[PDB]
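One chain follows as structure tokens, the form deposited in one PDB entry.
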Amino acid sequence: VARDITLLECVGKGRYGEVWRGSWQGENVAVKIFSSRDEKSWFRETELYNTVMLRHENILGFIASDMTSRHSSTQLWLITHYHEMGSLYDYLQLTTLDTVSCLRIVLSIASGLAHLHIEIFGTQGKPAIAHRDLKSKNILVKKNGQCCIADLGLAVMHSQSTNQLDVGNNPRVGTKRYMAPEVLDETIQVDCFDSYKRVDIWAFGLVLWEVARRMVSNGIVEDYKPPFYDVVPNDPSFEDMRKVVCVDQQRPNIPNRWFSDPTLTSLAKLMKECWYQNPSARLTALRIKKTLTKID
């Protein structure tokens, strides 16, 4: 419960709220305190962690939900494991990677995404889940080099047994930088569950690009950069994204030095197969996981 947690330092702040390192019984925990404008995401994520009972070594480990009243307002808390290395966005700016380190990160992310997408049938089986806002800032780096996925407030669920679709009721929109072309020009079929899985794939390809840039080969390595850093400004608008992703059909450039390394070359082909304008031509999360397991 919140009254037993000592907030020790703020490690994040934004439109979503803020993220704190706290102590509970003398050991670290992560507390996300949701902004007023993002209450729906707390409700959605509490449903997944509590009712569906989501857990997996590549999904941020849940501890508890709670409401606490403070300063004459009521706050919505989400308490989870603490990872001192921060998010992949922070980690990649402080270190380069070797071949084995680079492959763990991208294999563990694909392993997390596959768990979400795949339905487990039976008595109390988890439905299929699409994330819908995957990015490097809501993926965490664990001390064993593997990653885990967080920030599930936009998720959509599906069960083929009943074949009903639960899109929830959240006014939040995805991060514009990572938006997929069928989103930016409003052709995505909102009634078909596969549509949301193919959105996660597009975003996964971008994160794969972000990480591969940091792997060293033959003494060469790129600085960290976010997707489309060279053609859109910070906090880009819906219109900016569409000009780049739809009108000009642009994609993150493949650095030429990648073509003198066998791992980076196999990862480049995988990226491009996540980036088709035609959403149904993209690979599945399971396909990606399998391919990454055989690359070395």
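Between two forms, the rigid core is the largest collection of C-alphas that superpose within 1.5 Å. For every residue, the number given is its place in the sequence shown, counted from 1. Only residues modelled in both forms are compared.
What comes next is about the form deposited in another entry, which does not appear here.
- The only C-alpha among 256, 253, 51, 249 that moves by 2 Å or more between the shown form and the other one, given a superposition on the rigid core, is that of 51.
- With the core held fixed, the Cα of residue 73 is displaced between the shown form and the other one by 2 Å or more.
- Listed in sequence order, the runs of 3 or more residues present in both forms whose C-alphas shift by at least 2 angstroms between the shown form and the other one, with the core superposed, are 1-3, 48-51, 68-74.
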